[PDB]
Structures are given as structure tokens and as C-alpha cells.
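Before any comments, here is the structure.
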2 protein chains.
Amino acid sequence: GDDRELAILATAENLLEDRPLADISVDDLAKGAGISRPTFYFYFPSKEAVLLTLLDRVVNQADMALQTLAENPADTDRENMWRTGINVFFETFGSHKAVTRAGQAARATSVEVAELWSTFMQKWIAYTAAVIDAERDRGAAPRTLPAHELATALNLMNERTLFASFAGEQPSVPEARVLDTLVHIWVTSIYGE
Amino acid sequence: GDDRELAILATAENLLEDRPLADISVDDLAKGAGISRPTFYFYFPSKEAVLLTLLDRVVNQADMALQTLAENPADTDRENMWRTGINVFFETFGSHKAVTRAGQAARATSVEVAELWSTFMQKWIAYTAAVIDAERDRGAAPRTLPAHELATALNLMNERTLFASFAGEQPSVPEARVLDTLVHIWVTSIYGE
Ligand SMILES: CCCCCNC(=O)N1CCC(C)CC1
Ligand SMILES: CCCCCNC(=O)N1CCC(C)CC1
């Protein structure tokens with residue numbers, strides 16, 4: 001019923017590991033899901049609408065996990081608090097590299113993708129800034145930069161840096177080193193005078 | 001003679017302020033340069049080869065300026081040393097926003113662009129790492145992260161962050177705040193324990 005939808009989504013994610021969206025046809029999506037081309041079009045208006053949904057589930061999965069984290073503070077030092085948080089994005093997006101990769105290229109092309117990306121980045125930065133302000137109220141962090149400006153730049157560091165390594169871009173931090181690399185820069189910029 | 005070449009380049013840069021490369025024709029480039037379509041094709045094989053050259057001159061201008069900077073150390077504190085360096089990329093790319101913007105989208109499309117980007121990023125990161133290692137040998141910076149890993153992440157922060165503000169992306173640091181924002185994170189991650 002809507003299992004067909006889930007089949008189209010899985011087919012697309014599987015196919016995107018091996019070629020870009022450009023070299024995948026609706027034909028290829030329908031085939032994989034075991035439906036006709038016109039039945040495909042019942043569920044989605046384009047291959048692009050399939051990417052968008054994929055990215056939507058990845059982004060919301062990241063977001064929900066961060067909500068679960070924020071509701072249950074891990075009992076640990078500040079370094080470990082930040083690491084646990086950044087890890088939500090490392091694991092989540094790192095488990096969906098094809099979708100991550102395709103979503104990011106699609107930003108230049110698709111206004112819906114760009115907006116979806118935009119909404120969640122705003123949210124996570126807002127959250128980052130809230131935690132930093134809390135850390136300054138507490139007395140644990142110095143009032144250096146505007147919290148929102150710092151949060152913005154740290155989050156953009158994480159987008160670029162997580163995605164370069166996920167794609168094996170030259171240059172990039174190796175994936176097995178990227179978590180530590182980011183946490184250092186976060187902790188040191190948030191706590192440093 | 002090759003003034004026609006310079007005319008094509010200026011026409012393209014002027015046109016790119018107002019629409020993407022997709023909505024600019026070879027016709028539009030030839031017109032602006034005051035040549036025929038076939039004479040255009042004498043000088044460049046595509047609109048894309050025109051972008052590539054544009055980006056090449058922007059990137060080399062950035063690079064040469066950093067070479068001039070490295071050869072003549074500005075006599076100042078460490079914060080100001082880094083700021084002066086990051087400023088080379090702020091000013092250079094910030095004076096060529098249309099080209100910057102178009103080059104970055106073209107990375108997903110054009111393998112020549114991606115490689116050109118790749119080469120210079122490797123160079124600037126290598127330079128960043130060399131300066132940090134020097135700062136650790138001097139005794140001025142602690143041996144925290146692997147210098148090259150740190151350099152990689154800081155440079156990727158700068159790419160993403162400079163270009164988001166240049167494009168007025170939501171979200172982004174405002175352009176009049178981005179220099180200070182970056183220098184803070186650099187100095188604090190390089191000098192911090
Ligand atoms: C895919 C990267 C998108 C943004 C990455 N943001 C990020 O790392 N955060 C968000 C704030 C949390 C407290 C943990 C750190
Ligand atoms: C367009 C951004 C590309 C990379 C930006 N790199 C950057 O800011 N650097 C390079 C190292 C210098 C010592 C100054 C700081």
C-alpha cells in the first residue's frame with residue numbers, strides 16, 4: 001500500500017550508493033520497487049521528490065536524536081557533552097552517505113532541498129547558541145563572540161568537514177579522526193579566552 | 001588580440017552577478033565581448049571553460065597574495081598574524097562573489113573545477129599546517145591535534161563560512177562579522193589546551 005513507497009525509497013538509497021541521481025531513471029526506481037512507471041508516479045512526482053523525502057527522513061532522524069539527547073543530559077564533562085552531540089550528526093549522516101552526498105549536490109539545483117537544509121541548520125545553530133549561552137550564564141564559558149555567530153560558524157565547519165570526509169574528498173580529515181578534530185575546535189572556541 | 005579574451009572574461013563576470021551560468025549563453029558572452037559566436041569559440045571551447053579560467057585567476061590571485069604575505073611577515077601579535085592571512089581570502093574572494101558562487105556550484109558538475117579547487121585547498125592547508133608546526137616548535141602553541149588535521153578542518157570552516165556569507169545564505173555570519181568570528185575560532189583552537 002505505502003510499502004511501495006518504502007520500496008521506492010530503499011531502491012533509490014541503494015541505487016544512489018553507485019551513481020548520481022542524474023544516472024538513475026524513474027524506470028530504474030520503479031523496477032527496483034517492483035512496480036510500473038505509472039504506479040511510481042502515483043507515489044512521487046519525480047526522482048527529485050524521492051531524494052527530497054530521503055533527505056527529509058535523514059534530517060528528522062538527526063533532529064529527533066538531538067531532541068532525545070537534549071531531554072536526557074549525558075552525565076559527563078563538557079568535552080564529552082559536546083562530543084555526544086556532534087556524534088548524533090556523525091553517526092546519522094555517516095549511516096546515510098549516499099543520501100547525504102546527493103542531498104548536498106541537490107542544494108544548488110532544488111529550492112525545496114535548500115530550504116529543508118536551511119530550516120534544520122537554523123534550528124541546530126539556535127540550539128548550539130542556547131547551550132553556549134547557558135554555559136556562559138553557569139559561569140563555565142567566557143563571553144567572547146556573539147553566541148549565535150560562533151554557533152553558526154561551528155555548525156558550518158561541521159557540515160563541510162563531516163561531508164568532505166564522508167565523500168573521501170581531497171582534502172579531508174579521515175573519518176576515523178573527524179570526531180576528535182571537531183570536538184577540539186568546538187571545546188576550545190567555546191571555552192577559550 | 002587576446003584583449004578579446006579579457007573582454008569575454010569581464011563579460012562573463014559581469015553577467016554572473018545577475019544570473020547563473022545556466023541562464024547565460026555563448027551568444028550572450030560573444031555579444032558582450034563584441035565578437036561573433038565562432039570567434040568566441042576560437043578563444044574558449046565552452047561557457048564552462050570561461051568559468052574555469054575566471055576561477056583560476058581568482059584562486060591564483062588569492063595564492064599569490066598569500067605568498068607575498070608569507071615572504072613579508074606582518075610585525076604584530078599572533079592573533080593579528082592569523083587575521084592578516086584569513087583576510088587575504090576574505091578580500092580576494094569577497095571581491096569576486098559571482099565567480100566564487102559559480103565556481104562552487106560548478107564543483108559538483110565540472111571535474112576540472114573540482115580539481116583546481118582541490119589543488120589550492122591542499123596547498124593552503126599545507127601552508128596552515130607548516131605555520132602551526134612552526135608555532136609549536138617556537139613553544140607558542142601546544143601539541144594538541146595533528147597539525148594537518150586541524151589545518152584541514154579550519155580551512156574547510158573558512159570555505160563554507162566565507163561563501164555562505166558572501167551569498168547571503170540563511171543561515172550565515174553577516175559579512176561584516178565573519179572575519180572576527182573565524183579569527184577567534186582559529187586562534188583559540190591553535191593556541192588552546
Ligand atoms: C550535518 C552537520 C549539520 C550541523 C552539525 N551540527 C553539529 O555538529 N552540532 C549541532 C549542535 C549540537 C549541540 C551538537 C553539534
Ligand atoms: C576561500 C577559503 C579557502 C581556504 C581558506 N584558508 C584560510 O582562510 N587560510 C589559509 C591559511 C592562511 C595562513 C590564512 C588562513
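Residues in the C-alpha cells are named by chain (A, B, ... in the order shown) and by number from 1 within that chain; ligands are numbered from 1 in the order shown.
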Apply DSSP to the structure's backbone, then extract all residues of range 16-119 of chain B labelled helix (DSSP H, G or I) and return them as an NGL selection string.
:B and (16 or 21-23 or 26-33 or 37-43 or 47-71 or 78-94 or 97-106 or 111-119)
Near ligand 1, 9 Å: chain A residue rows, closest pairs, only C-alpha atoms and all ligand atoms, as JSON lines:
```
{"residue": "A:59", "atom": "CA", "partner": "ligand 1", "partner_atom_place_in_ligand_line": "1 (C)", "distance": 8.4}
{"residue": "A:62", "atom": "CA", "partner": "ligand 1", "partner_atom_place_in_ligand_line": "1 (C)", "distance": 8.4}
{"residue": "A:66", "atom": "CA", "partner": "ligand 1", "partner_atom_place_in_ligand_line": "12 (C)", "distance": 7.1}
{"residue": "A:69", "atom": "CA", "partner": "ligand 1", "partner_atom_place_in_ligand_line": "13 (C)", "distance": 9.0}
{"residue": "A:70", "atom": "CA", "partner": "ligand 1", "partner_atom_place_in_ligand_line": "13 (C)", "distance": 8.2}
{"residue": "A:81", "atom": "CA", "partner": "ligand 1", "partner_atom_place_in_ligand_line": "13 (C)", "distance": 8.2}
{"residue": "A:82", "atom": "CA", "partner": "ligand 1", "partner_atom_place_in_ligand_line": "14 (C)", "distance": 6.0}
{"residue": "A:83", "atom": "CA", "partner": "ligand 1", "partner_atom_place_in_ligand_line": "14 (C)", "distance": 7.4}
{"residue": "A:84", "atom": "CA", "partner": "ligand 1", "partner_atom_place_in_ligand_line": "14 (C)", "distance": 7.4}
{"residue": "A:85", "atom": "CA", "partner": "ligand 1", "partner_atom_place_in_ligand_line": "14 (C)", "distance": 3.8}
{"residue": "A:86", "atom": "CA", "partner": "ligand 1", "partner_atom_place_in_ligand_line": "15 (C)", "distance": 3.9}
{"residue": "A:87", "atom": "CA", "partner": "ligand 1", "partner_atom_place_in_ligand_line": "14 (C)", "distance": 7.3}
{"residue": "A:88", "atom": "CA", "partner": "ligand 1", "partner_atom_place_in_ligand_line": "14 (C)", "distance": 7.2}
{"residue": "A:89", "atom": "CA", "partner": "ligand 1", "partner_atom_place_in_ligand_line": "1 (C)", "distance": 5.3}
{"residue": "A:90", "atom": "CA", "partner": "ligand 1", "partner_atom_place_in_ligand_line": "1 (C)", "distance": 7.2}
{"residue": "A:92", "atom": "CA", "partner": "ligand 1", "partner_atom_place_in_ligand_line": "1 (C)", "distance": 8.5}
{"residue": "A:93", "atom": "CA", "partner": "ligand 1", "partner_atom_place_in_ligand_line": "1 (C)", "distance": 6.5}
{"residue": "A:100", "atom": "CA", "partner": "ligand 1", "partner_atom_place_in_ligand_line": "1 (C)", "distance": 8.5}
{"residue": "A:117", "atom": "CA", "partner": "ligand 1", "partner_atom_place_in_ligand_line": "3 (C)", "distance": 8.9}
{"residue": "A:120", "atom": "CA", "partner": "ligand 1", "partner_atom_place_in_ligand_line": "3 (C)", "distance": 8.1}
{"residue": "A:121", "atom": "CA", "partner": "ligand 1", "partner_atom_place_in_ligand_line": "4 (C)", "distance": 6.0}
{"residue": "A:123", "atom": "CA", "partner": "ligand 1", "partner_atom_place_in_ligand_line": "10 (C)", "distance": 8.8}
{"residue": "A:124", "atom": "CA", "partner": "ligand 1", "partner_atom_place_in_ligand_line": "10 (C)", "distance": 5.0}
{"residue": "A:125", "atom": "CA", "partner": "ligand 1", "partner_atom_place_in_ligand_line": "11 (C)", "distance": 6.2}
{"residue": "A:126", "atom": "CA", "partner": "ligand 1", "partner_atom_place_in_ligand_line": "11 (C)", "distance": 8.3}
{"residue": "A:127", "atom": "CA", "partner": "ligand 1", "partner_atom_place_in_ligand_line": "11 (C)", "distance": 6.2}
{"residue": "A:128", "atom": "CA", "partner": "ligand 1", "partner_atom_place_in_ligand_line": "11 (C)", "distance": 4.5}
{"residue": "A:129", "atom": "CA", "partner": "ligand 1", "partner_atom_place_in_ligand_line": "11 (C)", "distance": 8.3}
{"residue": "A:131", "atom": "CA", "partner": "ligand 1", "partner_atom_place_in_ligand_line": "13 (C)", "distance": 7.1}
{"residue": "A:151", "atom": "CA", "partner": "ligand 1", "partner_atom_place_in_ligand_line": "11 (C)", "distance": 7.9}
{"residue": "A:154", "atom": "CA", "partner": "ligand 1", "partner_atom_place_in_ligand_line": "6 (N)", "distance": 7.5}
{"residue": "A:155", "atom": "CA", "partner": "ligand 1", "partner_atom_place_in_ligand_line": "6 (N)", "distance": 4.6}
{"residue": "A:156", "atom": "CA", "partner": "ligand 1", "partner_atom_place_in_ligand_line": "4 (C)", "distance": 6.6}
{"residue": "A:157", "atom": "CA", "partner": "ligand 1", "partner_atom_place_in_ligand_line": "5 (C)", "distance": 8.0}
{"residue": "A:158", "atom": "CA", "partner": "ligand 1", "partner_atom_place_in_ligand_line": "5 (C)", "distance": 5.0}
{"residue": "A:159", "atom": "CA", "partner": "ligand 1", "partner_atom_place_in_ligand_line": "2 (C)", "distance": 3.9}
{"residue": "A:160", "atom": "CA", "partner": "ligand 1", "partner_atom_place_in_ligand_line": "2 (C)", "distance": 7.6}
{"residue": "A:161", "atom": "CA", "partner": "ligand 1", "partner_atom_place_in_ligand_line": "2 (C)", "distance": 8.4}
{"residue": "A:162", "atom": "CA", "partner": "ligand 1", "partner_atom_place_in_ligand_line": "1 (C)", "distance": 6.5}
{"residue": "A:163", "atom": "CA", "partner": "ligand 1", "partner_atom_place_in_ligand_line": "1 (C)", "distance": 7.3}
{"residue": "A:182", "atom": "CA", "partner": "ligand 1", "partner_atom_place_in_ligand_line": "8 (O)", "distance": 8.3}
{"residue": "A:183", "atom": "CA", "partner": "ligand 1", "partner_atom_place_in_ligand_line": "15 (C)", "distance": 8.8}
{"residue": "A:186", "atom": "CA", "partner": "ligand 1", "partner_atom_place_in_ligand_line": "15 (C)", "distance": 8.5}
```
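Proximity of B:138, B:101, B:177, B:4 to ligand 2, computed with only C-alpha atoms and all ligand atoms, is greatest for B:101.
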Kindly give the distance, in Å, that separates CA of residue 9 in chain A and CA of residue 26 in chain A, rounded to a single decimal.
11.8 Å
Considering only C-alpha atoms, return as a PyMOL selection string whatever protein or nucleic-acid residues lie within 8 Å of range 41-54 of chain A, sequence-local ones (same chain, fewer than 2 positions apart) excluded.
chain A and resi 5+8-9+12-13+21+25-26+29+37-39+56-58+99+102-103+112-113
Pick out the closest residue to chain B from this set: A:175, A:63, A:2, A:75. Count only C-alpha atoms.
A:175
